[PDB]
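Two separate entries follow, structure 1 and structure 2, each one form of the same protein chain as structure tokens.
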Structure 1
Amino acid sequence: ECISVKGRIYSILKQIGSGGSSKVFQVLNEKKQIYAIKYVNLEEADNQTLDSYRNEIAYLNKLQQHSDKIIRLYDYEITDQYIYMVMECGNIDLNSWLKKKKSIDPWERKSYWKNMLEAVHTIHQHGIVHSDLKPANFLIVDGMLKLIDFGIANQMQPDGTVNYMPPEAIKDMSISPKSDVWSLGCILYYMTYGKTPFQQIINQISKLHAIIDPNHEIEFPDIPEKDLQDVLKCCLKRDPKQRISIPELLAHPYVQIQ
């Protein structure tokens, strides 16, 4: 089982994901290095879908030079029939790593948050609001967390959830960078307390209710890191105008004082 891309040949080791007409494979080049190749079948694809994938590739190419907390794109090939993207392969996604972990190391949680902030900061500077951040969107490679996509095209499922949905995303059924702060908050909450803020409410219709509800209060058990407590509280403010910004989160003692 092989894949060729712009001259070069690759052996499929394992399929790691699949979505709308796309598949992500862990593969090897001739020198026995590991990559992740994404394949998209374009045969039965809208002009909307095509344009979203074109928009994804352009943004991923551009955003290469600006942060190394964005997945590396080594090469790509696009025709009317398919797209191949040769990207970095990670060790493990952040969702799978959080589910395997007993207790999160305080220094390693702070390192990861820094990484997430840098990645999301970067896409914001180029006018992208992701809008659907989850642990599944971050990948552990080398020592660092990297963002793997931009919420531009359809997300890959591993081979959903509303636990990270911001209140204004539910309230706007009748886009701000503050929306990414909420979701990033929820990942940090999970990294801190072992649960997302509303992971206790199993009913999805009931889950959407607590997120929008001012009179529902999120609990914050006290911890050694009083800075971390505060970061969590400012990210998880229901009113987006009063919610903390990425550039503020970067000036925050939790991230600055070592």
Structure 2
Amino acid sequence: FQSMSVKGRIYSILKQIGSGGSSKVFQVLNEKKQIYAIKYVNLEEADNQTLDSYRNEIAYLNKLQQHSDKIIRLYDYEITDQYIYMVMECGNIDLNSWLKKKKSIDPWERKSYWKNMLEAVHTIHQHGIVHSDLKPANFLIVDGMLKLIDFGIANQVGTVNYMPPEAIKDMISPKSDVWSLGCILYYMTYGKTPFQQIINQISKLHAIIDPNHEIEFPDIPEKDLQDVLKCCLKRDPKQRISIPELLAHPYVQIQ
């Protein structure tokens, strides 16, 4: 019932997809009736540090568009001293909500999603970006294909489930993203994150950094998938598999 203007183009508001303390995301329709997601950011209470973080991510988002299609499209944007309007690709659902709604996962769908995650994270790394906060919520399903929604640059629940040992110790290299990605795959495999069973946050963090605390990897018909999980989950970042190595792995390459 409402409408908005971005770069002299008019958009009809359908609904609010998401909300933030200073931001909101809306599902909208353009003049040709194409559907988009518009992210609205309010800059009234934003300090200079916050503004540079927002500007930096937008610049990386705009630049990386060309490099991979596994990164959400940023069609256009309007930025003033008061607000930011970003016209972007509209997804179907985030990977967190999708995994929560679904009981079992297809092996083919899982592999397909893993490849997409690897391609999106590889792309940011090539540009010197390490997300450091990967979670299923950072991924969006668009046309049966996963897309990275953010780069971790802009100022931002803060779950510790996908947090690597080196991030807990430091209170961080591309290998940090490998651990988080592994946790996601682990969830996609076993239906829970490696330390989901540990309810107390302090007891949980200790386990993640505990060498003795053994991560269980129950036997599954996909041995390649079992190996990826063990390779991603090595506590020592130096013993952990890299993204380029994950791309040449049998799990993503063999039929």
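Here, residue number means position along structure 1's sequence, counting from 1. Superpose the two forms; the largest set of C-alphas matching within 1.5 Å is the rigid core.
Just one of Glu219, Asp46, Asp222, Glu30 moves its Cα by 2 Å or more between structures 1 and 2 on a rigid core overlay, and this residue is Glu30.
The Cα position of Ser18 differs by 2 Å or more between structures 1 and 2 after fitting on the rigid core. On rigid-core superposition between structures 1 and 2, the C-alpha of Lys62 is found to move 0.0 angstrom. Taking the core as the fixed frame between structures 1 and 2, we note the C-alpha of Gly143 moving 1.8 angstrom.
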